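# Geometric and topological summary
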Amino acid sequence: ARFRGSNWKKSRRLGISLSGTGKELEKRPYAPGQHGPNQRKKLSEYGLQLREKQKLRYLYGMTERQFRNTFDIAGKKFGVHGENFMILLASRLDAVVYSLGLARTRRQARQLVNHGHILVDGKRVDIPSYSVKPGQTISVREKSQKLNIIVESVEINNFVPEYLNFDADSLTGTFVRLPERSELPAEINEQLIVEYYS
Amino acid sequence: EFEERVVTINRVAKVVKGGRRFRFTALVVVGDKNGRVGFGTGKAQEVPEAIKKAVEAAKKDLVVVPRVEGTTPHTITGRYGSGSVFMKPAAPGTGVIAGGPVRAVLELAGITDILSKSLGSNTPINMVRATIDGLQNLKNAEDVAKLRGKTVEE
Amino acid sequence: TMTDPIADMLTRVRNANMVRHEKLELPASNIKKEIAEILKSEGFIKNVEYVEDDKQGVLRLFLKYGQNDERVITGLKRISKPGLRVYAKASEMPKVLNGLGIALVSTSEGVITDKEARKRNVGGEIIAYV
Amino acid sequence: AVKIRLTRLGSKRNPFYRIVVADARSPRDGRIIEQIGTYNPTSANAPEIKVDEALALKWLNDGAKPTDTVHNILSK
Amino acid sequence: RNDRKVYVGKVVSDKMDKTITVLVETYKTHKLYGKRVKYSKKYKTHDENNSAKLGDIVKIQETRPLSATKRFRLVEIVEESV
Amino acid sequence: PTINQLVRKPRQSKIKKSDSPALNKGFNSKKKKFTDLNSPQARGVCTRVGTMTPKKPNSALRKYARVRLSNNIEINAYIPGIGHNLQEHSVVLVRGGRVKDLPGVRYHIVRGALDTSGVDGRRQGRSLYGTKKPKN
RNA sequence: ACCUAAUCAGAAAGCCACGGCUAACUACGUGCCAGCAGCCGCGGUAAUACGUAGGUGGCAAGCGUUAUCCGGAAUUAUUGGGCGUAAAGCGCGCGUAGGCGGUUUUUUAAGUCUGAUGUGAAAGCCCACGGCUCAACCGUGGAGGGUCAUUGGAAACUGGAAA
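Residues numbered from 1 in each chain as written, not as in the entry; some residues may be left out. Chains lettered and ligands numbered in written order. Part of a larger assembly, values for the part shown. Heavy atoms only, no water. Residues with missing side-chain atoms left out of burial classes, pairs and counts.

In terms of determination method and resolution, the entry is listed under cryo-EM at 3.6 Å.

Named according to the PDB entry, chain F is 30S ribosomal protein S12 originating from Staphylococcus aureus.

Going by the annotation in the PDB entry, the name recorded for chain B is 30S ribosomal protein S5, with Staphylococcus aureus given as the source organism. Recorded in UniProt for chain B, the comment headed Subunit (unreviewed entry) runs: "Part of the 30S ribosomal subunit. Contacts proteins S4 and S8." (UniProt positions renumbered as here; feature names shortened; annotations may be inferred.)

Have a look at this one:
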């Protein structure tokens with residue numbers, strides 16, 4: 001399961017200008033398709049929790065079965081089912097790769113995990129939906145210095161979280177504490193998320 | 001400044017008796033997201049001009065709702081006539097669930113709680129008057145601590 | 001005929017509050033002399049006397065209002081009436097309006113409140129709510 | 001009387017045992033009387049021997065026939 | 001025999017030799033409606049020398065079986081009234 | 001009502017009935033499987049080429065197929081799609097669901113696996129009609 | 001099982017929908033016809049509601065349709081309904097069993113209360129973790145059965161017993 005197609009329809013038709021399918025924009029007067037200032041704009045009263053469900057689902061590149069299987073992992077936490085769900089999306093191995101500055105998107109952060117170039121504690125972990133438990137580090141294999149695309153990330157510093165130790169070129173990290181909100185996200189409440197699932 | 005929503009409109013009159021009436025109406029809830037709401041009804045034949053008459057009718061109505069900053073203080077079955085909604089406090093983090101007429105009133109007082117469903121409500125006017133009759137009857141601890149002992153009960 | 005007059009006392013609590021009366025002259029006995037002298041120590045009644053003759057002595061009630069002529073007692077609900085008996089669990093009896101009122105239980109020790117049962121975990125018959 | 005038995009459980013390509021005791025009239029999979037503790041066959045990321053001899057001596061009094069590869073547990 | 005359960009109950013009728021029926025009372029709770037309800041099985045009872053009459057309150061011990069429902073065994077006379 | 005009466009007679013709830021009658025029960029055994037249960041599907045065998053109309057205000061024309069099912073009983077049908085490679089006494093798969101404003105017709109002839117096998121003329125709504133395209 | 005070294009981003013993606021609900025719109029052909037339909041129904045001369053390409057939305061190695069079951073349905077309502085006119089109060093008395101029974105004090109413990117023991121075996125759901133590279137599953141612990149039998153304390157009301 002993986003989302004492909006780098007066209008801006010994820011940004012422009014949703015609305016938000018995040019770092020997803022294309023950081024720039026070129027057909028700025030329009031939305032995708034013939035949907036535009038020309039034609040019909042379909043709104044709803046349940047589209048205010050749809051677009052707090054659809055706002056994240058393309059961000060990590062995850063399917064529908066992943067969120068509901070992670071919405072009730074926060075049920076194992078002492079907060080409510082909508083309170084720690086963004087924390088468990090902030091603790092996966094994929095978005096910690098891009099948090100360490102070792103890849104250039106969250107989606108480039110899933111490319112360099114499964115192909116073995118980024119490991120954990122020496123043992124070959126190749127899972128983008130791997131949960132980073134506290135007290136662990138981030139590893140690589142011995143062939144991780146020749147590649148230009150890590151050296152691309154050595155060229156440009158991308159993103160700094162608060163729950164880590166920050167190494168953009170050494171390719172090893174440290175998960176010091178469980179995250180909170182407004183470190184990985186910046187724009188989403190934990191109240192419009194949960195109402196979609198009822 | 002406040003916030004308004006158009007809950008429902010109609011096209012209510014008698015067609016031809018020799019002279020035509022075909023009027024509209026509205027039922028607009030107004031609010032401020034601090035704990036004061038209201039609702040009112042006007043009518044006119046030009047389509048969005050009856051909304052400004054309807055918001056005019058609701059600014060003269062304010063209803064103060066107690067709050068423990070996210071939910072309600074206790075549970076109650078807000079009943080008026082043929083309508084009856086049920087409302088009960090949640091834990092902070094779960095959002096206001098629907099009941100669409102009852103959905104938009106609870107967000108304009110400023111809470112995040114559960115909402116049990118409309119039990120016997122049918123039409124979207126008596127959902128609103130049963131919602132407001134529920135909200136204006138809750139109780140604080142302090143006003144209870146007025147006409148009792150002074151906060152013993154925990 | 002008159003079956004279970006304990007509800008008929010708690011009927012006339014609701015009658016006098018509704019039309020805002022002051023004096024309430026009902027006959028009552030040693031079951032109900034145990035009843036209303038709970039809420040005097042809980043904040044619902046001004047003064048409760050004692051029954052004069054313990055059989056035919058009427059227990060006079062003077063109800064308590066607010067300073068704004070505002071009502072103190074909201075309502076009343078019987079629970080265990082003749083035909084369905086309700087008995088309390090250990091620590092699992094429910095709360096009146098998230099704890100803001102008195103639920104009256106007559107446990108194996110005598111008529112107490114639902115607060116005093118959670119210091120000794122008793123059950124007893126949950127008679128009425130407020 | 002009774003015979004000391006290892007209930008085999010475990011998914012595909014991975015057995016695992018639980019030390020029980022019952023008569024041979026009872027089968028392997030179930031109608032088992034008591035359990036003196038687990039037993040750990042695989043030794044990689046797992047222990048290799050497990051027994052609790054407190055309630056094991058209760059069955060060697062009224063008679064017990066341990067299988068000759070189970071007796072290597074209790075010889076150690 | 002020597003230590004069996006006891007169902008004290010009224011004696012209905014002595015109608016043959018060495019045989020009575022000793023009715024008992026049992027109020028049973030309902031499953032969900034809560035209100036209790038009566039059921040009165042009327043078990044037959046051997047007694048030694050026609051010791052019972054109509055209306056006695058007794059004490060009953062069990063035994064080992066004899067015949068169709070003659071399964072209990074009378075012991076005492078708590079009440080000898082009519 | 002009263003808790004005394006509720007002990008004496010419980011709430012015998014409302015029975016419902018199947019919207020589509022002529023399937024899905026143990027019927028009328030006659031020392032063989034003389035008639036049986038078809039919960040989703042069955043075979044058929046046809047009896048008549050059908051041509052009919054709706055009846056309320058509507059004035060169109062419809063093409064059913066009055067059959068005898070594989071359990072001695074008689075029902076109408078309908079062929080969705082365009083093509084009709086069907087004649088009398090040819091096997092047809094079944095699937096339930098009535099057709100509104102027709103006075104008495106019952107089910108839909110499955111256009112995929114029968115003598116009603118494949119319907120051409122459709123290119124986008126496909127798996128509701130059994131039409132292929134092995135390029136995509 | 002694992003794992004290295006190779007010519008090669010080259011073999012490895014659909015499927016239903018898009019009036020209102022309900023998430024998603026445009027141009028012609030036919031034009032109360034071939035149809036379509038879960039109901040309102042869109043079709044008498046294109047028609048955002050039929051086939052078509054473009055466009056979009058959903059889910060994704062899976063998408064729709066069927067028959068069946070539970071929720072929506074407070075539409076069998078003990079938790080949680082109703083009878084003046086809307087469906088519903090016997091045409092009305094005496095009345096057997098039955099159901100419920102005012103006040104007082106004293107016992108009895110039959111209900112009810114709580115204490116104690118034994119038992120309602122593994123395995124599942126949940127509450128947690130080394131590990132299978134995560135995970136589905138396994139592993140250990142944990143809660144989960146009594147309307148029960150029996151073993152002591154309390155006498156507030158409902159119940160037999162004395163005035």
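### Looking at the interface of chain B and chain A
With 10 residues of chain B at the contact, the number on the chain A side is 9 residues. Residues belonging to the side of chain B that touches chain A are distributed by class as follows: 5 nonpolar, 4 polar and 1 charged. (Contact = heavy atoms within 4.5 Å. Nonpolar A, V, L, I, M, F, W, Y, C, P; charged D, E, K, R; others polar.)

### Some remarks on the protein's contact with RNA strand G
RNA strand G sits among 99 residues. The nearest are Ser44(A), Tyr87(C), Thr29(E), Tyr78(F) and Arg95(F). Looking at RNA strand G alone, sugar and phosphate atoms form 75% of those within 4 Å of the protein. At 2.6 Å, a side-chain N or O of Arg40(A) approaches a base oxygen of RNA strand G. Taking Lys14(F), its side chain carries an N or O atom lying 2.9 Å from a base oxygen of RNA strand G. Residue composition of the surface near RNA strand G, grouped by class: 28 nonpolar, 34 polar and 37 charged. (Near = heavy atom within 4 Å. Polar contact = N/O pair within 3.5 Å; in protein donor to acceptor, adjacent residues only side chain to side chain.)

### What to know about unusual backbone geometry
Its identity as a non-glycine residue notwithstanding, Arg13(D) has a phi of 60°, on the positive side. Within the secondary structure, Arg13(D) is located in the loop between strand 1 (3-6) and strand 2 (17-22). Its identity as a non-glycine residue notwithstanding, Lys31(F) has a phi of 70°, on the positive side. Here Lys31(F) is to be found in the loop between helix 1 (3-8) and strand 1 (44-46). (Helix = DSSP H or I, 4+ residues; strand = E, 2+ residues; numbered from the N terminus.)

### Some thoughts on the packing of aromatic side chains
Applying the stated rule across the entire model yields 9 aromatic pairs over all chains. Relative to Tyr197(A), the ring of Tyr196(A) lies with its centre 6.1 Å away and its plane at 65°, an arrangement referred to as edge-to-face. With a relative accessible area of 35%, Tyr196(A) lands in the partly exposed category. Aromatic ring contacts, followed pair by pair, group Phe67(A), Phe71(A), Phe85(A), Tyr196(A) and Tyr197(A) into a single cluster. When the ring centre of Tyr7(E) is taken as origin, the NZ or CZ atom of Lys41(E), which lies over that ring, is 5.2 Å away. (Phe/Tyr/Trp six-rings, centres within 6.5 Å; stacked < 30°, edge-to-face > 60°. Buried < 20%, exposed > 50% of the residue type's maximum accessible area, 1.4 Å probe, protein only. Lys NZ or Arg CZ within 6 Å of the ring centre and 35° of its normal.)

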